[PDB]
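Novice: Experimental coordinates follow, after the sequence.
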Amino acid sequence: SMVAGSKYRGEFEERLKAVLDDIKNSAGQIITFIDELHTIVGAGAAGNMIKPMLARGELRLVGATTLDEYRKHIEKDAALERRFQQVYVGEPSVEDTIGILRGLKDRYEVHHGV
Amino acid sequence: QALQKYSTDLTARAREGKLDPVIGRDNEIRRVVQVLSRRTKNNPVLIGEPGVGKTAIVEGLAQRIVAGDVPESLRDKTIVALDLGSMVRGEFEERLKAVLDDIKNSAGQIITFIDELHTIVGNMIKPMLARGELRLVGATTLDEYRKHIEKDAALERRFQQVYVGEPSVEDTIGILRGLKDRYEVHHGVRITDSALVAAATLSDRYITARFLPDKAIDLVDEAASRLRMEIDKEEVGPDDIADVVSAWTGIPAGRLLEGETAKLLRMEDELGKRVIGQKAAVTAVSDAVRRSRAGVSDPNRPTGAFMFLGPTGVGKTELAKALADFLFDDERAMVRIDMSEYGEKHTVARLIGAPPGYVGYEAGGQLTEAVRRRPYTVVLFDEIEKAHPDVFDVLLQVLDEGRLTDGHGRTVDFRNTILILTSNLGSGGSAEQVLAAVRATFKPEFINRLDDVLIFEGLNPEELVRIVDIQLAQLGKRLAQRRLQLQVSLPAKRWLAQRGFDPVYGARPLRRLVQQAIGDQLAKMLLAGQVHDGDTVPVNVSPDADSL
Amino acid sequence: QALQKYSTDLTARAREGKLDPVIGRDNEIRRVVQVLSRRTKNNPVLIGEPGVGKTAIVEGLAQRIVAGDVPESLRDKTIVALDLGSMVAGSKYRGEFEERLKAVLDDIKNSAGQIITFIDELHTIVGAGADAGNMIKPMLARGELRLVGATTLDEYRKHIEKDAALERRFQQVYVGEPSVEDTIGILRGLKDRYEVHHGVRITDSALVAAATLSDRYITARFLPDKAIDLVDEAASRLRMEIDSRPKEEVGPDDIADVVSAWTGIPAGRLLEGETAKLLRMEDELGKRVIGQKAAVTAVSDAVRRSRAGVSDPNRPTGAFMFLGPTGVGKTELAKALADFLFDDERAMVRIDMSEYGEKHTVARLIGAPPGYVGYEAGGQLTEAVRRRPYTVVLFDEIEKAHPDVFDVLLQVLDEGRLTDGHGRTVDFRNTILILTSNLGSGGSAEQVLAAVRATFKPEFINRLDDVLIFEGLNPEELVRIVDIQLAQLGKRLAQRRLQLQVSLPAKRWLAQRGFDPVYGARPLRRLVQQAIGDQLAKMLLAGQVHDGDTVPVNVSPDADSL
Ligand SMILES: Nc1ncnc2c1ncn2[C@@H]1O[C@H](COP(=O)(O)OP(=O)(O)OP(O)(O)=S)[C@@H](O)[C@H]1O
Ligand SMILES: Nc1ncnc2c1ncn2[C@@H]1O[C@H](COP(=O)(O)OP(=O)(O)OP(O)(O)=S)[C@@H](O)[C@H]1O
Ligand SMILES: Nc1ncnc2c1ncn2[C@@H]1O[C@H](COP(=O)(O)OP(=O)(O)O)[C@@H](O)[C@H]1O
Ligand SMILES: Nc1ncnc2c1ncn2[C@@H]1O[C@H](COP(=O)(O)OP(=O)(O)O)[C@@H](O)[C@H]1O
């Protein structure tokens, strides 16, 4: 919805500048979170006007992407990886899945009345 | 002032101290220096496996440069590594144009270092490299050299190959004891000095995927790492290393030490755990194989060349499988060749190979091809007694020198294998008629070169039930998906033992008989009804069959 | 403005002196000029083996143009060196390289005819298609661009000659490699850039030594270049020695040192220390082989003559065949020589002759012709001698191979030549050939010679040197080979501190036993094993004998006991 309507030759640039400066106003409070942060590689005509802001550490920018996709869009440019810290996530096992399902089998009962 | 925005540095980062020590391997540095201080071919490439220390070598050259040991010809220089992840189209090439033009406009001491150049090699660097305004310290793998830089290059004629080999355990321990102070800022413990040598000599033996200098870092750097969870006992040791090495290799922590007396005197009823009875043969073979681990005989001979014969279906092959998986840690380490078709001279060469250009050549010889790979196998010779009298000439120089040449021209090493000449002649007489038949059918010179010629014997009905119980346990492992057991009766066991003897084949029909009745009958049971999960399923003997 | 971000300028690079003094090769420059100064289709191509001076010709032409030494219609032509790789780098679209090349072609043809072109390695001109390297075929056969080229004789007919409409517009200028005297002249001309790149001095004697040596021993490269590597490497090594490390010039000994260290050959001029060992060579070799004094002398004189500088330089260093009774020491002498010459036992290339009873089995040491099963592999012997061209070759027991295998090495002997499937020749010019036999086996010096003359043909005996007859084993010195075997067993018993105290009557009995007069000293090894090693392993595994036990032996009349 940031690039939804923007066609007057500077609109998306100034819009992203404004929202980023809004992020930088309140320091520490707001933890940004972009899902599928590989999409910001292009999306301009972002990605390059967020790097200098990230060189200040003010924004937190927790993210999430798939492993194979990380080394296709993000790991094309090395100036991005210098400010990224990968935390691998493993899939749960059978016992953990049984526990999770035991914890979740109360919402489907109120959804479907059985 | 144009590339720092996009690349790293190993010269300015050397004045800071972020580099680790450079201890050891001082010949390769001088070789690289004298190769780079040339007029032609003045750019070396380091050729070695991964994790051997190429980056260590180049950063050590940089660390020597920063203090000043090189001649003035390459003094007051600076070196930079190339970040290959920055390129990998349209970017692998445009960024390459940009960086090469940056180096051109640097015009001097910007000596580079490309890691894994076998991925970059392709020709746009040749018109700039032949002009001589940049140097290229390379690093890659030998096998990727013969593939890319020998064909895809067209520039191989201006690359020197500086060879880097993995260090030994002694200088590995040296590097380890050199890099122990920096392990007080990331982890804080009192690292012991015996831990380092233990980790080195242990990683060397069993770990195979990695190589020495870096392989000793997935060690104790792991032991000092996984001793951190106990702050939410400050001395690491050989136990705190073995506990992770065993969990790594999946082998239980029993063989952590004593690989010369344990697993050698332990050659006992643990063999009998696999083969039931035949204690005389077990002891004879164990003594013969442990005699060869002394070091008094000539090193060019098989580890054990004994044979044995008698009746079939008693455990001849089973003793072989047990010896194989005990002595070589693998059950599928046998080469069972069948000497029943080698009854002609035009079929003798089928096990050695054929010359380069005739029918069976790429298939290789039937004997040597299985030994070129995994030279730690036992080689069974089924039905040797009826082989044509020309394979004996081959196995003569086999058990005379641990050498043999296949059709390709290669030379195979036999001096650490175990030969077995299974035969079935006789089997009726107690001890003497089989010896007479041996002396009549075999060349008495060959048997003199052979080791013990021990004989097998029949099986006792009391211990025969143990094998039936082994098969019943094998089956019981399978019907656990329904959580069933078997309440087995002694008349049933003895009935199975009598109906699976057939003294012309031995214990061959057990795998079929025990399977058929029990499995299929109880499967029909579970399918129809009258049995559910957790049942006991008692089994007894009907007048003829064994009802459940 | 296009042919300046995609092109260098060789002419303007020659004015700065940033080129090399091309020496000689006048016919090639003359033909390049007279082909470059015609009316239509004036495109020359410099063909030749790799490293024979193809680019140096163009550099010399550039220097000649700068100096004003060309015909009248070649003044101030500013030859330009394109790089077609920097135009196909960034282009992932429809019609990008087409524009990038059309701009250059238009800027060439816009000026007058003084933009003489130079595309090095023009076998890369057929790519970038998808109609590429094909837009210039109109301007080629019209004398619009000159296009001086250069490519390898092998890469020519692999990439270009499949485009017979494109190779019609090129005139092939063949460039062959020079001779030794021409290389000496080139080096004399070039012995000024290295003397200033390194702070050392170089001698004409060293230059001549390099030019002469690199032609005889480095037999897989060509010779304007294989001789400058030696000079450069020797200068670099001597500089690294002279400076920064705790006769100030390179001479004719450092070049030989480089040629010896690299490619592993004792070529040189017999420095000190080797001569001592070569004088004390027969007496030393006689320590591992006892007797045969009439056959050690010939083998030793062969190597002494070879490394003394007096031998036919294009022929093997020795082709001895020695035969005689069984178990006398033929292969043992062969192995002793291989050990004394290389300090290693596996260095020799031993092939048997019991597996070659059949005619078709010769393809193992030759190879296979094109279009057959094993063809990229090659031949066993050829590959084994391509690398390590200094070993000795043992043709063990060459009597069983039937008379068709002899004809193969009939020209290995007397020339040192052998070809494989790929048609490449390998030279056995500095390897000692040795082939044993057992023909005769009982006769005198006139009965076994008849057997040789009957089993071989006159064109085969004529190739090889002295036919040595090994003499029998003299009942006296038999104790010494027993001492040899005992010392070998003792050296084997080194991982422990074990010693031995073998008695004189025990030695006498061990020598008398296992010495069958028809089988020489064959059973002695097995006899020593049976009578020592089994009992020692028993007494070492059953306790009661630990390490350091210098235990003796006795006669024990029937069988040798502890
Ligand atoms: N006539 C000559 N005068 C002086 N130096 C020469 C002469 N011919 C060759 N050289 C030198 O010998 C070496 C041979 O290099 P080049 O001939 O340039 O390689 P090349 O001929 O391009 O072969 P390739 O296959 O392209 S590497 C260079 O150092 C040349 O300077
Ligand atoms: N003069 C000798 N000096 C030392 N060892 C000798 C001598 N003659 C024979 N031997 C030993 O005899 C054994 C076999 O010698 P070989 O050279 O293999 O026999 P051979 O000369 O090849 O004869 P054949 O016909 O080929 S079996 C080795 O253990 C040698 O050490
Ligand atoms: N002589 C040495 N001195 C200090 N560290 C060494 C030495 N040899 C090896 N190492 C260590 O071993 C590791 C090997 O890693 P590296 O050389 O990057 O792998 P690669 O062989 O793929 O370049 C390095 O982290 C280095 O610290
Ligand atoms: N002593 C024994 N210990 C364990 N299993 C045995 C024994 N004797 C026979 N068997 C079983 O009986 C079968 C006999 O088959 P096999 O070993 O091929 O016979 P042979 O060795 O005579 O060729 C094997 O599957 C084996 O599991």
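Specialist: Structure received. Numbers count the residues shown, from 1 in each chain, chains lettered A, B, ... in the order given. Ligands and ions are numbered 1, 2, ... in the order given.

Novice: Show the subsequent helix or strand relative to the lengthiest helix in chain A.
Specialist: Longest helix in chain A by number of residues (criterion: DSSP state H): helix A:11-25. Using DSSP states H and E, the helix or strand that follows helix A:11-25 towards the C-terminus is strand A:33-35.

Novice: What strands flank that next one, and is each parallel or antiparallel?
Specialist: Using DSSP bridges, the strands paired with strand A:33-35 in its sheet are strand A:62-64 (parallel).

Novice: Run through who's touching the partner strand.
Specialist: Contacts with strand A:62-64, where a contact means C-beta atoms under 8 Å, 6 or more residues apart in numbering or on different chains, come from A:31, A:32, A:33, A:34, A:35, A:36, A:37. For every residue, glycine as well, the C-beta is placed using N, CA and C.

Novice: How about stretch A:86-102?
Specialist: Residues from elsewhere that reach stretch A:86-102 (C-beta under 8 Å, 6+ apart): A:67, A:70.

Novice: need the residues of chain A near chain B, please.
Specialist: A:75, A:76, A:77, A:78, A:79, A:81 (C-beta under 8 Å from any C-beta of the partner chain).

Novice: out of everything not next to it in sequence, what's closest to residue A:37?
Specialist: Nearest residue to residue A:37 in three dimensions, chain neighbours excluded: residue A:63, at 4.2 Å (C-beta to C-beta, 6 or more residues apart in numbering or on different chains).

Novice: Can you tell me the number of residues neighbouring the one you found?
Specialist: 16 (other C-beta atoms under 10 Å in any protein chain shown).

Novice: what sits against the residue of chain A found nearest ligand 2?
Specialist: Nearest to ligand 2, among the residues of chain A, is residue A:71, at 62.4 Å (C-beta to the nearest ligand atom). Applying C-beta under 8 Å, 6+ apart to residue A:71 gives no contacts.

Novice: ok now do the residue sitting nearest the centre point of chain A, which residues does it touch?
Specialist: Nearest to the mean C-alpha position of chain A, by C-alpha atoms, centre = their mean, lies residue A:34 at 2.0 Å. Contacts for residue A:34 (C-beta under 8 Å, 6+ apart) come out as A:40, A:61, A:63.

Novice: re earlier: what is the three-state secondary structure of the residue of chain A closest to ligand 2?
Specialist: With DSSP: H, G, I helix; E, B strand; the rest coil as the basis, residue A:71 sits in helix.

Novice: Quickly note the distance from it to residue B:50.
Specialist: Separation of residue A:71 from residue B:50 (C-beta to C-beta, to the nearest Å) stands at 19 Å.

Novice: and what of residue A:89?
Specialist: Applying C-beta to C-beta to residue A:89 and residue B:50 gives a distance of 27 Å.

Novice: same question, residue A:98
Specialist: Residue A:98 is 41 Å from residue B:50, by C-beta to C-beta.

Novice: Right, and ligand 4 sits closest to which residue of chain A?
Specialist: For chain A, C-beta to the nearest ligand atom, closest residue to ligand 4: residue A:94, 34.0 Å.

Novice: Near that residue, how many other residues are there?
Specialist: Using other C-beta under 10 Å, the number of residues around residue A:94 comes to 7.

Novice: Repeat that for the one 5 residues further on.
Specialist: When counting by other C-beta under 10 Å, one arrives at 12 neighbours for residue A:99.

Novice: Just read off the phi/psi values of it.
Specialist: The phi/psi pair for residue A:99 (degrees, to the nearest 10) reads phi -60, psi -50.

Novice: do the same with the one 10 residues further on
Specialist: Its backbone dihedrals place residue A:109 at phi -70, psi -30, with angles given as degrees, to the nearest 10.

Novice: Count the neighbours of it for me.
Specialist: 9.

Novice: Then residue A:80?
Specialist: Neighbours around residue A:80, by other C-beta under 10 Å: 20.

Novice: mind giving me CSV with the contacts of residue A:34 and columns for distance to ligand 4?
Specialist: As requested, the contacts of residue A:34 are exported to CSV (distance: C-beta to the nearest ligand atom, whole Å):
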residue, distance to ligand 4
A:40, 64
A:61, 63
A:63, 58
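
Novice: If we only consider those, which is nearest to chain B?
Specialist: Of all these, chain B sits closest to residue A:40, with 16.4 Å by C-beta to the nearest C-beta.

Novice: so that closest one makes contact with residue A:46?
Specialist: Yes. Counting by C-beta atoms under 8 Å, residue A:46 is a contact partner of residue A:40 at 4.6 Å.

Novice: which residues are in contact with both of those two?
Specialist: Between them, residue A:40 and residue A:46 share no contacting residue, judged by C-beta under 8 Å, 6+ apart.

Novice: so what's the closest residue to ligand 1 within chain A up against?
Specialist: Relative to ligand 1, the nearest point of chain A is residue A:78 (34.0 Å; C-beta to the nearest ligand atom). Shown in contact with residue A:78 (C-beta under 8 Å, 6+ apart): B:6, B:83, B:85, B:86.

Novice: Find the pair from these with maximum spatial separation.
Specialist: Across the contacts of residue A:78, the longest distance by C-beta to C-beta is 11.9 Å; it joins B:6 and B:85.

Novice: The nearest residue to residue A:67 once chain neighbours are set aside - how many residues pack around it?
Specialist: In space, and not counting its chain neighbours, residue A:67 is closest to residue A:88: 7.7 Å by C-beta to C-beta, 6+ apart. A count of nearby residues for residue A:88, using other C-beta under 10 Å, gives 5.

Novice: Just say helix, strand or coil for residue A:88.
Specialist: Quick answer, by three-state DSSP: residue A:88 is coil.

Novice: returning to that earlier point: which members of the contacts of strand A:62-64 are classed as buried?
Specialist: Neighbour counting with 16 or more other C-beta atoms under 10 Å in any protein chain shown marks A:34, A:37 as buried within those.

Novice: Serialize the contacts of strand A:62-64 to a markdown table and add fields for distance to ligand 1.
Specialist: Listed next are the contacts of strand A:62-64 as a markdown table, based on distance: C-beta to the nearest ligand atom, whole Å:
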| residue | distance to ligand 1 |
| --- | --- |
| A:31 | 59 |
| A:32 | 56 |
| A:33 | 57 |
| A:34 | 52 |
| A:35 | 54 |
| A:36 | 50 |
| A:37 | 48 |
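
Novice: out of the contacts of strand A:62-64, which one sits closest to ligand 3?
Specialist: Relative to ligand 3, the closest of these is residue A:37; by C-beta to the nearest ligand atom it sits at 28.8 Å.

Novice: Let me know whether the closest one touches residue A:69 as I believe.
Specialist: No. Using C-beta under 8 Å, residue A:37 makes no contact with residue A:69, being 9.9 Å away.

Novice: Next up, identify which helix or strand the residue nearest to residue A:51 when sequence neighbours are not counted is on.
Specialist: The shortest distance from residue A:51 to any non-neighbouring residue, by C-beta to C-beta, 6+ apart, is to residue A:79 (6.3 Å). Residue A:79 is located in helix A:78-81, with elements delineated by DSSP H and E.

Novice: Distance check, residue A:9 against chain B.
Specialist: Going from residue A:9 to chain B by C-beta to the nearest C-beta, to the nearest Å gives 25 Å.

Novice: Look up phi and psi at that residue.
Specialist: phi 70, psi -10.

Novice: Tell me, how many residues neighbour it?
Specialist: Here the number of neighbours of residue A:9 (other C-beta under 10 Å) works out to 7.

Novice: And for residue A:76?
Specialist: Residue A:76, neighbours per other C-beta under 10 Å, totals 18.

Novice: Without its sequence neighbours, what residue ends up closest to it?
Specialist: Among residues not flanking residue A:76 along the chain, residue B:91 sits closest, at 6.5 Å (C-beta to C-beta, 6+ apart).
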